[PDB]
Each structure stands twice: as C-alpha cells, then as structure tokens.
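Listing of target-v6.txt, compact mmCIF, C-alpha atoms (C1' of nucleotides)
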# COMPACT_ATOMS: atom_id res chain seq x y z
CA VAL I 296 0.00 0.00 0.00
CA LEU I 297 2.89 2.37 0.70
CA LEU I 298 4.32 1.74 -2.77
CA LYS I 299 0.87 2.22 -4.32
CA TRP I 300 0.55 5.55 -2.50
CA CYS I 301 4.03 6.49 -3.74
CA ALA I 302 2.65 6.23 -7.29
CA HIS I 303 0.01 8.94 -7.07
CA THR I 304 -0.79 12.50 -8.11
CA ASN I 305 -1.24 15.49 -5.74
CA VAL I 306 2.47 15.84 -5.05
CA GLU I 307 1.85 16.59 -1.37
CA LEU I 308 0.56 13.05 -0.85
CA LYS I 309 3.47 11.86 -3.01
CA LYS I 310 5.97 13.50 -0.65
CA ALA I 311 4.17 12.13 2.40
CA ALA I 312 4.10 8.62 0.93
CA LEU I 313 7.78 8.64 -0.03
CA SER I 314 8.77 9.94 3.41
CA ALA I 315 6.66 7.25 5.08
CA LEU I 316 8.19 4.58 2.85
CA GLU I 317 11.74 5.71 3.61
CA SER I 318 10.97 5.79 7.34
CA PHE I 319 9.41 2.32 7.17
CA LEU I 320 12.42 0.79 5.41
CA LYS I 321 14.80 2.57 7.80
CA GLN I 322 12.92 1.27 10.82
CA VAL I 323 12.56 -2.30 9.56
CA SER I 324 16.27 -2.33 8.74
CA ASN I 325 16.90 -1.09 12.28
CA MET I 326 15.10 -3.96 14.00
CA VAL I 327 16.51 -6.39 11.43
CA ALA I 328 20.05 -5.39 12.40
CA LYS I 329 19.21 -4.88 16.09
CA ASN I 330 18.86 -8.65 16.63
CA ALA I 331 20.47 -11.87 15.48
CA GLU I 332 19.21 -12.74 12.00
CA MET I 333 16.55 -15.45 12.28
CA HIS I 334 14.01 -13.96 9.83
CA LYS I 335 15.90 -14.34 6.55
CA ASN I 336 12.61 -14.81 4.66
CA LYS I 337 11.76 -11.12 5.05
CA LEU I 338 15.23 -10.10 3.87
CA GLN I 339 14.96 -12.40 0.85
CA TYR I 340 11.54 -10.98 -0.04
CA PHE I 341 12.81 -7.41 0.31
CA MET I 342 15.85 -8.10 -1.87
CA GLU I 343 13.68 -9.77 -4.50
CA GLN I 344 11.30 -6.79 -4.52
CA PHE I 345 14.20 -4.34 -4.82
CA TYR I 346 15.75 -6.29 -7.69
CA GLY I 347 12.40 -6.43 -9.47
CA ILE I 348 11.96 -2.68 -9.04
CA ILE I 349 15.45 -1.79 -10.29
CA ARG I 350 15.60 -4.31 -13.18
CA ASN I 351 12.66 -2.90 -15.14
CA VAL I 352 11.55 0.34 -16.77
CA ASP I 353 8.13 1.25 -15.38
CA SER I 354 8.97 3.79 -12.66
CA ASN I 355 9.98 7.40 -12.18
CA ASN I 356 13.00 8.51 -10.14
CA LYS I 357 11.27 8.33 -6.75
CA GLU I 358 10.58 4.58 -6.63
CA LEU I 359 13.99 3.70 -8.08
CA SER I 360 15.64 6.00 -5.53
CA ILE I 361 13.73 4.47 -2.61
CA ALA I 362 14.55 0.95 -3.83
CA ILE I 363 18.23 1.90 -4.02
CA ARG I 364 18.07 3.45 -0.54
CA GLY I 365 16.50 0.30 0.89
CA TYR I 366 19.18 -1.75 -0.86
CA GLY I 367 21.75 0.38 0.94
CA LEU I 368 20.13 0.07 4.36
CA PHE I 369 19.76 -3.70 4.04
CA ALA I 370 23.36 -4.02 2.84
CA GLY I 371 24.41 -3.68 6.49
CA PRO I 372 22.62 -6.65 8.08
CA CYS I 373 23.14 -9.13 5.26
CA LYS I 374 26.64 -10.38 6.05
CA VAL I 375 25.51 -11.91 9.36
CA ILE I 376 24.01 -15.04 7.77
CA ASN I 377 25.64 -14.76 4.33
CA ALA I 378 29.35 -14.01 4.61
CA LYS I 379 31.08 -12.67 1.49
CA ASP I 380 27.67 -11.52 0.27
CA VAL I 381 28.73 -8.03 1.34
CA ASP I 382 31.79 -8.63 -0.84
CA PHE I 383 29.37 -9.11 -3.73
CA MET I 384 27.85 -5.84 -2.54
CA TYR I 385 29.87 -2.63 -2.97
CA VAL I 386 30.73 -4.07 -6.42
CA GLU I 387 27.40 -4.31 -8.23
CA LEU I 388 26.45 -0.80 -7.08
CA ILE I 389 29.71 0.78 -8.26
CA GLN I 390 29.49 -0.97 -11.63
CA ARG I 391 25.90 0.27 -11.92
CA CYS I 392 27.07 3.81 -11.23
CA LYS I 393 29.90 3.47 -13.75
CA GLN I 394 27.63 2.25 -16.54
CA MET I 395 24.92 4.77 -15.63
CA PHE I 396 26.57 8.16 -15.13
CA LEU I 397 30.34 7.83 -15.48
CA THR I 398 30.50 8.77 -19.17
CA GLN I 399 31.62 12.38 -19.55
CA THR I 400 29.32 14.93 -21.21
CA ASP I 401 26.33 13.26 -19.58
CA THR I 402 23.53 12.29 -21.95
CA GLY I 403 21.79 10.93 -18.88
CA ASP I 404 18.15 11.75 -19.66
CA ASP I 405 17.10 12.24 -16.03
CA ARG I 406 19.66 10.23 -14.09
CA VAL I 407 20.83 12.93 -11.65
CA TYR I 408 18.02 12.29 -9.16
CA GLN I 409 19.13 8.76 -8.23
CA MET I 410 22.71 9.80 -7.40
CA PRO I 411 22.43 10.79 -3.69
CA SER I 412 20.66 7.49 -3.06
CA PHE I 413 23.69 5.80 -4.62
CA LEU I 414 26.08 7.65 -2.32
CA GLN I 415 24.02 6.83 0.77
CA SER I 416 23.73 3.17 -0.24
CA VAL I 417 27.42 2.67 -0.98
CA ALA I 418 28.33 4.44 2.26
CA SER I 419 26.02 2.17 4.26
CA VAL I 420 27.75 -0.98 3.00
CA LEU I 421 31.10 0.80 3.31
CA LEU I 422 30.74 1.19 7.08
CA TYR I 423 30.47 -2.58 7.65
CA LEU I 424 33.10 -3.56 5.06
CA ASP I 425 36.54 -5.07 5.63
CA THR I 426 39.43 -5.50 3.18
CA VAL I 427 38.35 -2.89 0.64
CA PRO I 428 38.96 -4.16 -2.92
CA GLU I 429 41.20 -1.07 -3.45
CA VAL I 430 40.47 -1.18 -7.20
CA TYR I 431 37.12 0.65 -7.26
CA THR I 432 38.23 3.38 -4.84
CA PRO I 433 39.12 5.67 -7.79
CA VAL I 434 35.58 5.05 -9.04
CA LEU I 435 34.14 5.99 -5.65
CA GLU I 436 36.21 9.19 -5.59
CA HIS I 437 35.05 10.02 -9.11
CA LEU I 438 31.46 9.41 -8.03
CA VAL I 439 31.73 11.74 -5.03
CA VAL I 440 33.37 14.42 -7.18
CA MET I 441 30.61 14.08 -9.79
CA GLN I 442 27.90 14.39 -7.14
CA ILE I 443 29.56 17.49 -5.69
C1' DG Z 1 12.01 14.56 -11.13
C1' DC Z 2 8.23 20.27 -10.02
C1' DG Z 3 6.33 24.78 -9.31
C1' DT Z 4 2.32 27.96 -10.75
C1' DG Z 5 -2.19 29.89 -12.27
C1' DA Z 6 -7.66 28.93 -13.85
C1' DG Z 7 -11.89 26.77 -13.69
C1' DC Z 8 -14.78 23.53 -11.30
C1' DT Z 9 -17.40 20.71 -8.46
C1' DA Z 10 -17.39 18.90 -3.75
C1' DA Z 11 -17.84 20.38 0.75
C1' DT Z 12 -19.52 22.93 3.74
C1' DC Z 13 -22.53 26.36 6.91
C1' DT Z 14 -25.74 28.90 8.95
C1' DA Z 15 -30.99 30.14 9.15
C1' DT Z 16 -35.25 28.00 9.68
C1' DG Z 17 -38.30 24.33 10.33
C1' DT Z 18 -40.01 19.57 12.07
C1' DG Z 19 -40.18 15.59 14.76
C1' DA Z 20 -38.57 12.07 18.45
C1' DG Z 21 -37.27 11.30 23.22
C1' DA Z 22 -37.41 12.82 28.12
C1' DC Z 23 -39.81 15.24 31.53
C1' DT Z 24 -42.94 17.68 34.64
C1' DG Z 25 -46.72 19.18 36.92
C1' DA Z 26 -51.85 20.44 37.13
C1' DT Z 27 -55.86 17.92 37.08
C1' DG Z 28 -59.67 15.14 37.57
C1' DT Z 29 -61.00 10.58 38.68
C1' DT Z 30 -61.62 6.66 41.93
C1' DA Z 31 -61.81 5.63 46.36
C1' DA Z 32 -61.39 5.45 52.15
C1' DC Z 33 -64.33 7.33 55.80
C1' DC Z 34 -67.97 9.12 57.69
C1' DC Z 35 -72.82 11.62 57.94
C1' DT Z 36 -77.58 12.12 56.82
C1' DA Z 37 -83.68 12.26 54.66
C1' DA Z 38 -87.16 9.21 57.03
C1' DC Z 39 -89.76 5.21 60.09
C1' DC Z 40 -90.30 3.01 63.25
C1' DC Z 41 -89.97 0.21 66.88

So that I can check it, write out the structure of this file as structure tokens.
Amino acid sequence: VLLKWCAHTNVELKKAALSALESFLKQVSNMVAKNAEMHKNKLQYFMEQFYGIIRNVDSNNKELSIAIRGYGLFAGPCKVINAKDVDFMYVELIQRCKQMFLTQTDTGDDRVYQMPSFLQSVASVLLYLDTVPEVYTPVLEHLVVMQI
DNA sequence: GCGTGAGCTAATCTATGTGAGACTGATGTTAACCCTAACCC
C-alpha cells in the first residue's frame, strides 16, 4: 500500500508517501540489524522486490531511488548469515554507477536524481566492510566528485 | 524529477423548520371514611 501511494498525483501526498516509505524501510532495517538474524525470509523478499523494481523500466525517479536506498540500508545486516555476500555488494552498485553516469558529457536523460541514493547506499555498505577491494576506490572518488 | 495559475465541483454552513425522546406538573378521577332524609320500633 505504501508503494501504491508512492505512485500517485497530488504531489503533497506523493511526498508524504515517499517519506513514510523511507521511514518504514529505515525502521525495519533497524530492527533487522538490532537482533540476530533469524528472519531471513523477510530479507529475501525485500531483496527480490528491490531487484524487481530496479531491473525494469516502469517507474519514475522516486521509486527507483527508494529501492536503491533500501538496498543500501539492508546491505548492512546481510553479512551476518551470508558471509562474502557483502563482498558481492559494494561491487554491483559501483558498476551500476559506472555504466549509468560515469561517461563524460552526460547524456543521462534524467539520471541525476538517483545519485544521492547511490552515495548513501554505498556508504552504508562501506561502514560494515573489511578488506576494501582497493580497485574501485578511484571510481568511488570520481562518483563523489561528480555528485559534488 | 516540479512549481504555478484557472476553472470547477465537492464540501460545507448557517438560518429556519419539524419531529422524536425525556420530563414535569396540574388535574380530575376513583376511592377510604364518615354523615344524613325518614320510620319506626
């Protein structure tokens, strides 16, 4: 229902719905991380929903941005049950950024909006990351410079 | 992704009226208690 509300007119309700959605994902990530992971079904469903949202063209920037943000928040408490899954993370996101908006003289066609979500998401996984691959760090620096 | 202005139809919003539910008190009716034409032993 929150996602359905997010796709609506009367931009005031749109803002309220997106804020509620972001708060709901932030909270659910909080109690997911706050305890030992014994509810992996919810995490799997959330990841599947996020992948479905981001691997199709039917949405505006708001839903893609919120899916990316939720991806970032749930990056944190994913390594507890699935080690080296975080290692998979921080790699797909950077490659996505590189193929999306790393070509100079941006012919993006409305790609700027999703960028701060990318920075928040990559930071979130960065906090709980060990042994940085040290190869994509130039890409991360380029990304931060581009966002600035 | 988002501001900004125009027209519209939905939503009031009070004035006035009408009826349903609760109430209250004056009233008249029935009734307890006793007295009275009249006779006549």

Take every atom of stretch 19-33 of chain Z listed in the file, pad by 3 Å on each side, and give me the axis-aligned box centre and edge lengths in Å, one decimal, as AutoDock Vina command-line options.
--center_x -50.8 --center_y 12.9 --center_z 35.3 --size_x 33.1 --size_y 21.0 --size_z 47.0

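Taking only C-alpha atoms (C1' of nucleotides) into account, chain I lies nearest to Z:2 out of the set Z:13, Z:2, Z:39, Z:20.
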
Output the contact residues of chain I with respect to chain Z at a cut-off of 12 Å, based on only C-alpha atoms (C1' of nucleotides), as a PyMOL selection string. chain I and resi 305-307+309-310+354-360+404-409

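Closest approach to residue I:301 among I:423, I:430, I:362, I:338 is made by I:362 (distances from only C-alpha atoms).
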
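Rounded to one decimal, atom CA of residue I:388 and atom CA of residue I:413 lie 7.6 Å from each other.
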
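Between residue I:317 and the candidates I:302, I:381, I:361, I:297, the tightest atom-to-atom separation, counting only C-alpha atoms, involves I:361.
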
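From atom CA of residue I:341 back to atom CA of residue I:319, the distance works out to 12.4 Å.
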
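Between atom CA of residue I:331 and atom CA of residue I:372 the separation is 9.3 Å.
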
Can you tell me which residues surround residue I:370 at a distance of at most 8 Å, considering all atoms listed in the file, apart from same-chain residues fewer than 2 positions away, and format the answer as a PyMOL selection string? chain I and resi 366-368+372-374+381+384+416+419-420

Where atoms are absent from stretch 370-396 of chain I, fill them in so it carries N, CA, C and O atoms, then output it as an mmCIF file, in the coordinates of the input.
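Once everything was written out, this is out_8.cif:
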data_model
loop_
_atom_site.group_PDB
_atom_site.id
_atom_site.type_symbol
_atom_site.label_atom_id
_atom_site.label_comp_id
_atom_site.auth_asym_id
_atom_site.auth_seq_id
_atom_site.Cartn_x
_atom_site.Cartn_y
_atom_site.Cartn_z
ATOM 1 N N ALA I 370 21.998 -3.541 3.049
ATOM 2 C CA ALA I 370 23.360 -4.020 2.840
ATOM 3 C C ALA I 370 24.034 -4.345 4.171
ATOM 4 O O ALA I 370 24.758 -5.341 4.283
ATOM 5 N N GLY I 371 23.810 -3.512 5.185
ATOM 6 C CA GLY I 371 24.410 -3.680 6.490
ATOM 7 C C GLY I 371 24.174 -5.049 7.103
ATOM 8 O O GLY I 371 25.105 -5.842 7.271
ATOM 9 N N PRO I 372 22.921 -5.357 7.450
ATOM 10 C CA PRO I 372 22.620 -6.650 8.080
ATOM 11 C C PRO I 372 22.298 -7.738 7.068
ATOM 12 O O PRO I 372 21.197 -8.293 7.033
ATOM 13 N N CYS I 373 23.275 -8.048 6.221
ATOM 14 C CA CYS I 373 23.140 -9.130 5.260
ATOM 15 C C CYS I 373 24.317 -10.085 5.387
ATOM 16 O O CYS I 373 24.211 -11.270 5.055
ATOM 17 N N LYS I 374 25.445 -9.571 5.875
ATOM 18 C CA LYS I 374 26.640 -10.380 6.050
ATOM 19 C C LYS I 374 26.562 -11.309 7.252
ATOM 20 O O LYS I 374 27.410 -12.199 7.380
ATOM 21 N N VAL I 375 25.577 -11.121 8.133
ATOM 22 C CA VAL I 375 25.510 -11.910 9.360
ATOM 23 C C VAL I 375 25.268 -13.384 9.034
ATOM 24 O O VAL I 375 25.911 -14.274 9.604
ATOM 25 N N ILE I 376 24.343 -13.663 8.116
ATOM 26 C CA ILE I 376 24.010 -15.040 7.770
ATOM 27 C C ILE I 376 24.750 -15.450 6.502
ATOM 28 O O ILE I 376 25.101 -16.623 6.330
ATOM 29 N N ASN I 377 24.997 -14.494 5.613
ATOM 30 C CA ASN I 377 25.640 -14.760 4.330
ATOM 31 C C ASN I 377 26.950 -13.975 4.283
ATOM 32 O O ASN I 377 26.983 -12.819 3.854
ATOM 33 N N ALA I 378 28.028 -14.611 4.732
ATOM 34 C CA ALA I 378 29.350 -14.010 4.610
ATOM 35 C C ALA I 378 29.745 -13.924 3.142
ATOM 36 O O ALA I 378 29.290 -14.707 2.303
ATOM 37 N N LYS I 379 30.574 -12.924 2.833
ATOM 38 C CA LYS I 379 31.080 -12.670 1.490
ATOM 39 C C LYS I 379 29.972 -12.192 0.552
ATOM 40 O O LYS I 379 30.236 -11.855 -0.607
ATOM 41 N N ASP I 380 28.728 -12.159 1.039
ATOM 42 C CA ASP I 380 27.670 -11.520 0.270
ATOM 43 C C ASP I 380 27.857 -10.011 0.237
ATOM 44 O O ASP I 380 27.560 -9.370 -0.776
ATOM 45 N N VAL I 381 28.358 -9.436 1.333
ATOM 46 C CA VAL I 381 28.730 -8.030 1.340
ATOM 47 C C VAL I 381 29.858 -7.775 0.354
ATOM 48 O O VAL I 381 29.946 -6.696 -0.243
ATOM 49 N N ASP I 382 30.740 -8.759 0.167
ATOM 50 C CA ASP I 382 31.790 -8.630 -0.840
ATOM 51 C C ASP I 382 31.191 -8.544 -2.240
ATOM 52 O O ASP I 382 31.687 -7.789 -3.085
ATOM 53 N N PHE I 383 30.133 -9.314 -2.506
ATOM 54 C CA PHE I 383 29.370 -9.110 -3.730
ATOM 55 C C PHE I 383 28.820 -7.689 -3.772
ATOM 56 O O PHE I 383 28.916 -7.001 -4.795
ATOM 57 N N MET I 384 28.269 -7.225 -2.655
ATOM 58 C CA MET I 384 27.850 -5.840 -2.540
ATOM 59 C C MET I 384 29.080 -4.933 -2.634
ATOM 60 O O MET I 384 30.227 -5.393 -2.645
ATOM 61 N N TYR I 385 28.834 -3.630 -2.735
ATOM 62 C CA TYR I 385 29.870 -2.630 -2.970
ATOM 63 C C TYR I 385 30.605 -2.856 -4.291
ATOM 64 O O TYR I 385 31.587 -2.164 -4.578
ATOM 65 N N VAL I 386 30.157 -3.810 -5.102
ATOM 66 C CA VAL I 386 30.730 -4.070 -6.420
ATOM 67 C C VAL I 386 29.677 -3.921 -7.508
ATOM 68 O O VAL I 386 29.924 -3.296 -8.545
ATOM 69 N N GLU I 387 28.492 -4.490 -7.289
ATOM 70 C CA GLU I 387 27.400 -4.310 -8.230
ATOM 71 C C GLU I 387 26.960 -2.848 -8.285
ATOM 72 O O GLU I 387 26.690 -2.312 -9.365
ATOM 73 N N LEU I 388 26.892 -2.188 -7.125
ATOM 74 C CA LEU I 388 26.450 -0.800 -7.080
ATOM 75 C C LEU I 388 27.422 0.116 -7.821
ATOM 76 O O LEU I 388 27.004 1.009 -8.568
ATOM 77 N N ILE I 389 28.725 -0.084 -7.618
ATOM 78 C CA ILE I 389 29.710 0.780 -8.260
ATOM 79 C C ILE I 389 29.715 0.557 -9.767
ATOM 80 O O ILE I 389 29.845 1.508 -10.545
ATOM 81 N N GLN I 390 29.582 -0.696 -10.202
ATOM 82 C CA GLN I 390 29.490 -0.970 -11.630
ATOM 83 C C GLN I 390 28.231 -0.348 -12.225
ATOM 84 O O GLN I 390 28.251 0.170 -13.349
ATOM 85 N N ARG I 391 27.123 -0.393 -11.480
ATOM 86 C CA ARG I 391 25.900 0.270 -11.920
ATOM 87 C C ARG I 391 26.121 1.762 -12.094
ATOM 88 O O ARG I 391 25.717 2.350 -13.103
ATOM 89 N N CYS I 392 26.778 2.391 -11.119
ATOM 90 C CA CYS I 392 27.070 3.810 -11.230
ATOM 91 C C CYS I 392 27.956 4.094 -12.436
ATOM 92 O O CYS I 392 27.726 5.059 -13.177
ATOM 93 N N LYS I 393 28.966 3.249 -12.652
ATOM 94 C CA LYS I 393 29.900 3.470 -13.750
ATOM 95 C C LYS I 393 29.206 3.361 -15.099
ATOM 96 O O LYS I 393 29.447 4.180 -15.994
ATOM 97 N N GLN I 394 28.337 2.367 -15.269
ATOM 98 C CA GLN I 394 27.630 2.250 -16.540
ATOM 99 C C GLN I 394 26.510 3.265 -16.676
ATOM 100 O O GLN I 394 26.089 3.553 -17.802
ATOM 101 N N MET I 395 26.026 3.821 -15.566
ATOM 102 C CA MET I 395 24.920 4.770 -15.630
ATOM 103 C C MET I 395 25.400 6.183 -15.925
ATOM 104 O O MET I 395 25.048 6.765 -16.957
ATOM 105 N N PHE I 396 26.204 6.752 -15.032
ATOM 106 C CA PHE I 396 26.570 8.160 -15.130
ATOM 107 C C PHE I 396 28.054 8.378 -14.857
ATOM 108 O O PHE I 396 28.449 9.251 -14.083
#
